[PDB]
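Structure file data08.txt with compact mmCIF, N, CA and C atoms:
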```
# COMPACT_ATOMS: atom_id res chain seq x y z
N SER A 1 0.85 -1.21 0.00
CA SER A 1 0.00 0.00 0.00
C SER A 1 0.87 1.25 0.00
N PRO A 2 1.56 1.45 -1.10
CA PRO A 2 2.45 2.60 -1.27
C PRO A 2 1.68 3.93 -1.20
N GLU A 3 2.12 4.89 -1.98
CA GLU A 3 1.44 6.22 -1.99
C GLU A 3 1.91 7.06 -0.80
N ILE A 4 3.20 7.06 -0.59
CA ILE A 4 3.78 7.84 0.53
C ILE A 4 4.87 8.76 0.02
N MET A 5 6.04 8.54 0.50
CA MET A 5 7.19 9.38 0.08
C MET A 5 7.12 10.78 0.71
N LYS A 6 7.19 10.82 2.01
CA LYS A 6 7.13 12.13 2.70
C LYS A 6 8.40 12.93 2.46
N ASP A 7 9.52 12.26 2.55
CA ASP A 7 10.81 12.97 2.33
C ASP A 7 11.98 11.99 2.37
N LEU A 8 11.93 11.00 1.51
CA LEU A 8 13.03 10.00 1.46
C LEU A 8 13.87 10.18 0.20
N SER A 9 13.28 9.86 -0.92
CA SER A 9 14.04 10.01 -2.19
C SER A 9 14.62 11.41 -2.30
N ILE A 10 13.86 12.38 -1.86
CA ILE A 10 14.36 13.78 -1.93
C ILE A 10 15.67 13.91 -1.17
N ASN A 11 15.65 13.57 0.09
CA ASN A 11 16.89 13.67 0.88
C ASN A 11 18.02 12.95 0.17
N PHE A 12 17.92 11.65 0.12
CA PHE A 12 18.98 10.86 -0.56
C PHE A 12 19.37 11.52 -1.87
N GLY A 13 18.44 12.27 -2.42
CA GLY A 13 18.73 12.96 -3.71
C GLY A 13 19.67 14.14 -3.48
N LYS A 14 19.28 15.03 -2.61
CA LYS A 14 20.14 16.20 -2.34
C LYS A 14 21.53 15.74 -1.95
N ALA A 15 21.58 14.66 -1.21
CA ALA A 15 22.90 14.14 -0.78
C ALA A 15 23.68 13.65 -1.98
N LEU A 16 23.00 12.94 -2.85
CA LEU A 16 23.69 12.42 -4.05
C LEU A 16 24.16 13.57 -4.92
N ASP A 17 23.37 14.60 -4.99
CA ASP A 17 23.76 15.77 -5.81
C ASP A 17 25.04 16.39 -5.26
N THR A 18 25.01 16.74 -4.01
CA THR A 18 26.21 17.35 -3.40
C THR A 18 27.44 16.55 -3.79
N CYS A 19 27.31 15.25 -3.73
CA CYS A 19 28.45 14.39 -4.09
C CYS A 19 28.84 14.60 -5.55
N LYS A 20 27.92 14.27 -6.43
CA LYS A 20 28.20 14.45 -7.89
C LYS A 20 29.01 15.73 -8.13
N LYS A 21 28.69 16.76 -7.39
CA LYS A 21 29.42 18.03 -7.57
C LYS A 21 30.82 17.93 -7.00
N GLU A 22 30.94 17.25 -5.89
CA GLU A 22 32.28 17.10 -5.27
C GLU A 22 33.01 15.91 -5.89
N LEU A 23 32.26 15.00 -6.44
CA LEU A 23 32.88 13.81 -7.07
C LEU A 23 33.00 14.00 -8.58
N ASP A 24 32.20 14.89 -9.11
CA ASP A 24 32.24 15.15 -10.57
C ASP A 24 31.66 13.96 -11.35
N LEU A 25 30.51 13.50 -10.92
CA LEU A 25 29.88 12.35 -11.62
C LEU A 25 28.77 12.82 -12.59
N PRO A 26 28.90 12.50 -13.87
CA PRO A 26 27.90 12.90 -14.84
C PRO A 26 26.55 12.29 -14.48
N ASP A 27 25.54 13.12 -14.43
CA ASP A 27 24.19 12.60 -14.08
C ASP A 27 23.93 11.23 -14.70
N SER A 28 24.36 11.06 -15.92
CA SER A 28 24.14 9.75 -16.58
C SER A 28 24.46 8.62 -15.62
N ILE A 29 25.49 8.82 -14.83
CA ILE A 29 25.87 7.78 -13.86
C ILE A 29 24.89 7.76 -12.69
N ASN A 30 24.39 8.92 -12.32
CA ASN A 30 23.43 8.95 -11.19
C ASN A 30 22.28 7.98 -11.46
N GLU A 31 21.84 7.94 -12.68
CA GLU A 31 20.73 7.03 -13.03
C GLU A 31 21.21 5.58 -13.00
N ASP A 32 22.20 5.29 -13.80
CA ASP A 32 22.72 3.90 -13.82
C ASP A 32 23.01 3.43 -12.41
N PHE A 33 23.46 4.34 -11.59
CA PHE A 33 23.77 3.98 -10.19
C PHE A 33 22.53 3.44 -9.48
N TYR A 34 21.47 4.19 -9.53
CA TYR A 34 20.23 3.72 -8.87
C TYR A 34 19.88 2.30 -9.29
N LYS A 35 20.03 2.03 -10.55
CA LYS A 35 19.71 0.67 -11.06
C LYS A 35 20.52 -0.41 -10.33
N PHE A 36 21.79 -0.17 -10.16
CA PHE A 36 22.65 -1.18 -9.46
C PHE A 36 21.98 -1.70 -8.18
N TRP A 37 21.61 -0.79 -7.30
CA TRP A 37 20.95 -1.24 -6.03
C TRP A 37 19.49 -1.63 -6.25
N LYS A 38 19.24 -2.40 -7.26
CA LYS A 38 17.83 -2.81 -7.52
C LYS A 38 17.80 -4.10 -8.32
N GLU A 39 18.72 -4.21 -9.23
CA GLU A 39 18.79 -5.42 -10.08
C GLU A 39 19.97 -6.30 -9.67
N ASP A 40 20.89 -6.44 -10.56
CA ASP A 40 22.08 -7.26 -10.27
C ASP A 40 23.25 -6.73 -11.07
N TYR A 41 23.06 -5.54 -11.55
CA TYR A 41 24.11 -4.89 -12.35
C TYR A 41 25.27 -4.46 -11.47
N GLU A 42 26.25 -3.86 -12.07
CA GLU A 42 27.42 -3.42 -11.28
C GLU A 42 28.05 -2.17 -11.89
N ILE A 43 28.27 -1.18 -11.07
CA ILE A 43 28.88 0.06 -11.58
C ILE A 43 30.37 -0.11 -11.73
N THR A 44 30.85 -1.13 -11.09
CA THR A 44 32.32 -1.46 -11.12
C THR A 44 33.19 -0.23 -11.39
N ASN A 45 33.06 0.76 -10.54
CA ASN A 45 33.88 1.99 -10.73
C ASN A 45 34.41 2.50 -9.40
N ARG A 46 35.71 2.43 -9.24
CA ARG A 46 36.30 2.90 -7.97
C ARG A 46 35.69 4.23 -7.56
N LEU A 47 35.21 4.96 -8.54
CA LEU A 47 34.59 6.27 -8.24
C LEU A 47 33.25 6.06 -7.58
N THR A 48 32.33 5.48 -8.30
CA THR A 48 31.00 5.24 -7.72
C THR A 48 31.15 4.66 -6.32
N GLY A 49 32.30 4.06 -6.09
CA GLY A 49 32.55 3.46 -4.75
C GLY A 49 32.76 4.58 -3.75
N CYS A 50 33.68 5.45 -4.07
CA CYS A 50 33.95 6.57 -3.15
C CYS A 50 32.63 7.24 -2.83
N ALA A 51 31.74 7.22 -3.79
CA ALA A 51 30.42 7.84 -3.58
C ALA A 51 29.77 7.22 -2.36
N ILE A 52 29.61 5.91 -2.40
CA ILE A 52 28.99 5.23 -1.24
C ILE A 52 29.59 5.77 0.04
N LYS A 53 30.88 5.97 0.02
CA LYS A 53 31.57 6.49 1.22
C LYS A 53 31.15 7.93 1.48
N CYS A 54 31.31 8.76 0.48
CA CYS A 54 30.92 10.18 0.65
C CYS A 54 29.55 10.27 1.29
N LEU A 55 28.63 9.50 0.77
CA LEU A 55 27.26 9.52 1.33
C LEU A 55 27.31 9.26 2.83
N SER A 56 28.05 8.25 3.22
CA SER A 56 28.14 7.93 4.66
C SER A 56 28.39 9.19 5.47
N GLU A 57 29.43 9.90 5.12
CA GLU A 57 29.74 11.15 5.86
C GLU A 57 28.57 12.12 5.76
N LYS A 58 27.79 11.95 4.73
CA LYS A 58 26.62 12.84 4.53
C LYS A 58 25.46 12.42 5.43
N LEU A 59 25.61 11.28 6.08
CA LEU A 59 24.53 10.77 6.99
C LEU A 59 23.72 11.90 7.61
N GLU A 60 24.38 12.98 7.91
CA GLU A 60 23.66 14.13 8.53
C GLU A 60 22.53 14.60 7.62
N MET A 61 22.80 14.67 6.35
CA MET A 61 21.75 15.13 5.41
C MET A 61 20.93 13.95 4.88
N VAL A 62 21.40 12.76 5.13
CA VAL A 62 20.66 11.57 4.65
C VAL A 62 19.33 11.42 5.36
N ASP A 63 19.35 10.75 6.49
CA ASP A 63 18.10 10.55 7.27
C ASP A 63 18.29 10.98 8.72
N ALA A 64 17.88 12.18 9.01
CA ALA A 64 18.03 12.68 10.40
C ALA A 64 16.89 12.19 11.28
N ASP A 65 16.02 11.41 10.70
CA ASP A 65 14.88 10.89 11.48
C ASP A 65 15.35 10.38 12.84
N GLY A 66 16.62 10.09 12.93
CA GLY A 66 17.16 9.58 14.23
C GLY A 66 17.16 8.05 14.25
N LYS A 67 17.65 7.47 13.19
CA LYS A 67 17.69 5.98 13.12
C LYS A 67 18.93 5.50 12.39
N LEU A 68 19.10 5.97 11.18
CA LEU A 68 20.29 5.56 10.40
C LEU A 68 21.54 6.30 10.86
N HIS A 69 22.48 5.56 11.39
CA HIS A 69 23.73 6.20 11.87
C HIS A 69 24.90 5.23 11.75
N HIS A 70 26.09 5.77 11.75
CA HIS A 70 27.28 4.90 11.64
C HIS A 70 27.25 3.78 12.66
N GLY A 71 27.01 2.58 12.19
CA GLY A 71 26.96 1.42 13.12
C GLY A 71 25.54 1.23 13.64
N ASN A 72 24.58 1.80 12.95
CA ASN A 72 23.17 1.65 13.41
C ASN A 72 22.20 1.63 12.24
N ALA A 73 21.76 0.45 11.90
CA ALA A 73 20.80 0.30 10.77
C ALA A 73 19.60 -0.49 11.26
N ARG A 74 19.83 -1.25 12.29
CA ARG A 74 18.75 -2.07 12.87
C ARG A 74 17.44 -1.30 12.91
N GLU A 75 17.49 -0.10 13.43
CA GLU A 75 16.25 0.71 13.51
C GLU A 75 15.82 1.18 12.12
N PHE A 76 16.77 1.64 11.35
CA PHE A 76 16.43 2.12 9.99
C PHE A 76 16.00 0.97 9.09
N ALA A 77 16.49 -0.20 9.39
CA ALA A 77 16.12 -1.37 8.56
C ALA A 77 14.85 -2.03 9.08
N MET A 78 14.49 -1.72 10.30
CA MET A 78 13.26 -2.33 10.87
C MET A 78 12.01 -1.63 10.35
N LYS A 79 12.11 -0.34 10.18
CA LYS A 79 10.94 0.41 9.67
C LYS A 79 10.52 -0.11 8.30
N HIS A 80 11.45 -0.69 7.59
CA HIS A 80 11.12 -1.22 6.25
C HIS A 80 10.64 -2.66 6.33
N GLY A 81 11.40 -3.49 6.99
CA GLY A 81 10.98 -4.92 7.10
C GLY A 81 12.06 -5.75 7.81
N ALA A 82 13.29 -5.31 7.72
CA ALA A 82 14.36 -6.08 8.38
C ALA A 82 14.20 -6.02 9.90
N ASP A 83 13.43 -6.93 10.42
CA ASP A 83 13.21 -6.95 11.89
C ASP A 83 14.45 -7.45 12.62
N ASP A 84 14.27 -7.78 13.87
CA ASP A 84 15.41 -8.28 14.68
C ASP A 84 16.21 -9.33 13.91
N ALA A 85 15.70 -10.53 13.89
CA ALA A 85 16.41 -11.61 13.16
C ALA A 85 16.95 -11.11 11.83
N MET A 86 16.11 -10.42 11.09
CA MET A 86 16.56 -9.90 9.78
C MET A 86 17.71 -8.92 9.96
N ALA A 87 17.41 -7.76 10.52
CA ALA A 87 18.48 -6.75 10.72
C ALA A 87 19.74 -7.42 11.24
N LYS A 88 19.57 -8.31 12.17
CA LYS A 88 20.75 -9.01 12.73
C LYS A 88 21.44 -9.80 11.63
N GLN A 89 20.66 -10.51 10.87
CA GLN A 89 21.26 -11.31 9.77
C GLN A 89 21.87 -10.38 8.74
N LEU A 90 21.16 -9.32 8.44
CA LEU A 90 21.67 -8.35 7.45
C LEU A 90 23.01 -7.81 7.90
N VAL A 91 23.08 -7.43 9.14
CA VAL A 91 24.35 -6.89 9.65
C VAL A 91 25.38 -8.01 9.76
N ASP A 92 24.94 -9.15 10.21
CA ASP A 92 25.88 -10.29 10.34
C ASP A 92 26.43 -10.68 8.98
N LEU A 93 25.72 -10.30 7.94
CA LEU A 93 26.19 -10.65 6.58
C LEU A 93 27.10 -9.55 6.05
N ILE A 94 26.57 -8.36 5.94
CA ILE A 94 27.40 -7.24 5.44
C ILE A 94 28.74 -7.29 6.15
N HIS A 95 28.69 -7.58 7.42
CA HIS A 95 29.93 -7.65 8.19
C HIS A 95 30.65 -8.94 7.86
N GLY A 96 29.89 -9.99 7.65
CA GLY A 96 30.53 -11.28 7.32
C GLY A 96 31.43 -11.06 6.10
N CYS A 97 30.92 -10.28 5.17
CA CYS A 97 31.71 -10.00 3.96
C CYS A 97 33.00 -9.31 4.36
N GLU A 98 32.88 -8.36 5.25
CA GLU A 98 34.10 -7.65 5.70
C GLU A 98 35.05 -8.63 6.35
N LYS A 99 34.49 -9.61 7.00
CA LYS A 99 35.34 -10.62 7.66
C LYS A 99 35.88 -11.58 6.61
N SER A 100 35.33 -11.49 5.43
CA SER A 100 35.79 -12.38 4.34
C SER A 100 36.92 -11.73 3.56
N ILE A 101 36.66 -10.56 3.04
CA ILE A 101 37.71 -9.86 2.27
C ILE A 101 38.98 -9.71 3.12
N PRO A 102 40.13 -9.77 2.48
CA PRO A 102 41.39 -9.64 3.19
C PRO A 102 41.45 -8.31 3.95
N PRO A 103 42.21 -8.28 5.03
CA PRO A 103 42.34 -7.07 5.82
C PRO A 103 42.89 -5.92 4.97
N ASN A 104 42.02 -5.33 4.18
CA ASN A 104 42.47 -4.21 3.31
C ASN A 104 42.12 -2.87 3.93
N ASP A 105 42.15 -1.86 3.13
CA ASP A 105 41.83 -0.51 3.64
C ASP A 105 41.23 0.34 2.53
N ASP A 106 40.84 -0.31 1.46
CA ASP A 106 40.25 0.44 0.34
C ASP A 106 38.75 0.54 0.50
N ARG A 107 38.33 1.41 1.37
CA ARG A 107 36.87 1.58 1.61
C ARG A 107 36.10 1.52 0.30
N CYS A 108 36.55 2.26 -0.67
CA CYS A 108 35.85 2.25 -1.98
C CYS A 108 35.80 0.84 -2.56
N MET A 109 36.91 0.14 -2.49
CA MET A 109 36.92 -1.24 -3.03
C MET A 109 36.26 -2.21 -2.06
N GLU A 110 36.52 -2.02 -0.80
CA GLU A 110 35.91 -2.91 0.19
C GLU A 110 34.40 -2.71 0.22
N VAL A 111 33.99 -1.47 0.17
CA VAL A 111 32.54 -1.16 0.19
C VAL A 111 31.85 -1.56 -1.12
N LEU A 112 32.61 -1.59 -2.18
CA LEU A 112 32.01 -1.96 -3.49
C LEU A 112 31.80 -3.46 -3.59
N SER A 113 32.85 -4.19 -3.35
CA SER A 113 32.73 -5.66 -3.43
C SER A 113 31.66 -6.19 -2.49
N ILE A 114 31.57 -5.61 -1.32
CA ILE A 114 30.54 -6.08 -0.36
C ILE A 114 29.13 -5.81 -0.88
N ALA A 115 28.92 -4.61 -1.37
CA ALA A 115 27.57 -4.28 -1.89
C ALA A 115 27.10 -5.35 -2.86
N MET A 116 27.98 -5.75 -3.74
CA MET A 116 27.61 -6.79 -4.72
C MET A 116 27.31 -8.11 -4.03
N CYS A 117 28.04 -8.38 -2.98
CA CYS A 117 27.81 -9.65 -2.24
C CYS A 117 26.58 -9.56 -1.33
N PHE A 118 26.61 -8.62 -0.43
CA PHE A 118 25.46 -8.47 0.50
C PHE A 118 24.12 -8.62 -0.23
N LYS A 119 24.01 -7.97 -1.35
CA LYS A 119 22.74 -8.07 -2.12
C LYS A 119 22.59 -9.43 -2.79
N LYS A 120 23.55 -9.79 -3.60
CA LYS A 120 23.47 -11.10 -4.29
C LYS A 120 22.97 -12.19 -3.34
N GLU A 121 23.67 -12.36 -2.25
CA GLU A 121 23.25 -13.40 -1.28
C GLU A 121 21.80 -13.21 -0.86
N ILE A 122 21.49 -12.06 -0.34
CA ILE A 122 20.09 -11.80 0.09
C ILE A 122 19.10 -12.20 -0.99
N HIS A 123 19.48 -11.99 -2.22
CA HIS A 123 18.57 -12.36 -3.34
C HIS A 123 18.33 -13.86 -3.40
N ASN A 124 19.35 -14.62 -3.12
CA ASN A 124 19.19 -16.10 -3.16
C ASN A 124 18.77 -16.67 -1.81
N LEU A 125 18.81 -15.85 -0.80
CA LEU A 125 18.41 -16.34 0.54
C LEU A 125 16.95 -16.78 0.54
N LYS A 126 16.08 -15.82 0.52
CA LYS A 126 14.63 -16.14 0.51
C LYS A 126 13.82 -14.89 0.18
N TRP A 127 14.13 -13.81 0.87
CA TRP A 127 13.40 -12.53 0.62
C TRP A 127 14.37 -11.44 0.19
N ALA A 128 13.97 -10.21 0.37
CA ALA A 128 14.86 -9.10 -0.03
C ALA A 128 14.25 -7.74 0.38
N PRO A 129 14.93 -7.00 1.26
CA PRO A 129 14.44 -5.70 1.71
C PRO A 129 14.40 -4.69 0.56
N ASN A 130 14.24 -3.44 0.92
CA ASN A 130 14.19 -2.38 -0.13
C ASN A 130 15.57 -1.76 -0.33
N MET A 131 15.86 -1.38 -1.55
CA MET A 131 17.18 -0.77 -1.81
C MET A 131 17.51 0.28 -0.76
N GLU A 132 16.51 0.74 -0.06
CA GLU A 132 16.76 1.76 0.99
C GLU A 132 17.60 1.16 2.11
N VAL A 133 17.02 0.22 2.81
CA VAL A 133 17.76 -0.42 3.92
C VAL A 133 19.15 -0.83 3.46
N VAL A 134 19.21 -1.47 2.32
CA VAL A 134 20.53 -1.91 1.80
C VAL A 134 21.54 -0.76 1.84
N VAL A 135 21.10 0.40 1.43
CA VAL A 135 22.02 1.57 1.44
C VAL A 135 22.41 1.93 2.87
N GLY A 136 21.45 2.31 3.66
CA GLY A 136 21.77 2.66 5.07
C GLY A 136 22.68 1.60 5.68
N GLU A 137 22.73 0.46 5.03
CA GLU A 137 23.59 -0.63 5.54
C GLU A 137 25.05 -0.38 5.19
N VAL A 138 25.35 -0.38 3.91
CA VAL A 138 26.76 -0.14 3.51
C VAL A 138 27.26 1.16 4.14
N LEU A 139 26.39 2.13 4.18
CA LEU A 139 26.78 3.44 4.78
C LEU A 139 27.01 3.30 6.27
N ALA A 140 25.97 2.96 6.98
CA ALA A 140 26.10 2.80 8.45
C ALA A 140 27.30 1.94 8.79
N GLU A 141 27.66 1.08 7.87
CA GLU A 141 28.83 0.19 8.12
C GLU A 141 30.05 1.00 8.54
N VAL A 142 30.52 1.84 7.66
CA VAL A 142 31.71 2.66 8.00
C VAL A 142 31.36 3.70 9.05
```

Translate the structure of the given file into structure tokens.
Amino acid sequence: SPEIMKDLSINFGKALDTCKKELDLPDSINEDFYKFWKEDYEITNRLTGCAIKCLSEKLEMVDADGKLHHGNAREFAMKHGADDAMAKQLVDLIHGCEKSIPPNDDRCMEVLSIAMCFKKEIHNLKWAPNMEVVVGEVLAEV
């Protein structure tokens, strides 16, 4: 029973814009980017990766509702559907990936490879939250 959108896409939008300006990303990519977190495509671009990071620091302009924060998605993921067991599994996975990749330090690369995994797996698991929670996840991670 959709028909909402009080102020979600807008926020994430202003945040993405600020980045594109600081990251210099042609809008063309802004669109293709959205697709990635919805299908199974891949932006495979160290740049689009830094973006995911930039957004994290933007958390202030992202969702000030008082839920999504560095190391806190459980609440932001619960409002959508990722309840306890879920949010826990979601975090236990996104993090599991971090525990999988070698002890690196390339946030852009580490955050990129995980995004592809965290989602892929969830897709074959059984269900799948909204691209929203998924984002607040990679972001809240760092």

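Non-sequential neighbours of segment 18-23 of chain A (distance at most 9 Å, separation of 2 or more positions within a chain, only C-alpha atoms) are residues 13, 14, 15, 16, 25, 26, 27, 30, 47, 48, 50, 51, 54, 55 and 58 of chain A.
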
Worksheet entry | Who sits within 8 Å of residue 84 of chain A, only C-alpha atoms, same chain under 4 positions skipped, as a PyMOL selection string | chain A and resi 74+78+88

Practice prompt. Using DSSP on the backbone coordinates, identify the residues of segment 4-135 of chain A assigned to helix (DSSP H, G or I); present them as a ChimeraX atom specification.
Written response: /A:9-24,27-36,46-62,74-78,84-100,107-125,131-135

Worksheet item: Suppose you want the space between atom CA of residue 135 of chain A and atom CA of residue 85 of chain A; what is it in Å?
Response: 18.5 Å

Report, as AutoDock Vina command-line options, the axis-aligned box around all atoms of segment 91-105 of chain A present in the file, extended by 5 Å on each side; give centre and edge lengths in Å to one decimal place.
```
--center_x 33.0 --center_y -6.0 --center_z 6.3 --size_x 29.8 --size_y 22.7 --size_z 18.1
```

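Using only C-alpha atoms, the shortest contact distance between residue 43 of chain A and any of A:128, A:136, A:112, A:80 is found at A:112.
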
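Summary of the local environment: counting only C-alpha atoms, residues at most 12 Å from residue 49 of chain A, other than itself and those fewer than 5 positions away along its chain, are residues 19, 23, 25, 33, 36, 42, 43, 44, 54, 55, 56, 106, 107, 108, 109, 110, 111, 112, 113, 114, 115, 116, 138 and 139 of chain A.
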
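The space between atom CA of residue 94 of chain A and atom N of residue 118 of chain A spans 6.1 Å.
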
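The residue that comes closest to residue 73 of chain A, out of A:87, A:53, A:60, A:2 and on the basis of all atoms listed in the file, is A:87.
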
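A straight line drawn from atom CA of residue 129 of chain A to atom CA of residue 104 of chain A is 28.1 Å long.
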
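Nearest-residue note for residue 62 of chain A: choosing from A:83, A:17, A:121, A:3, the minimum distance belongs to A:17, counting only C-alpha atoms.
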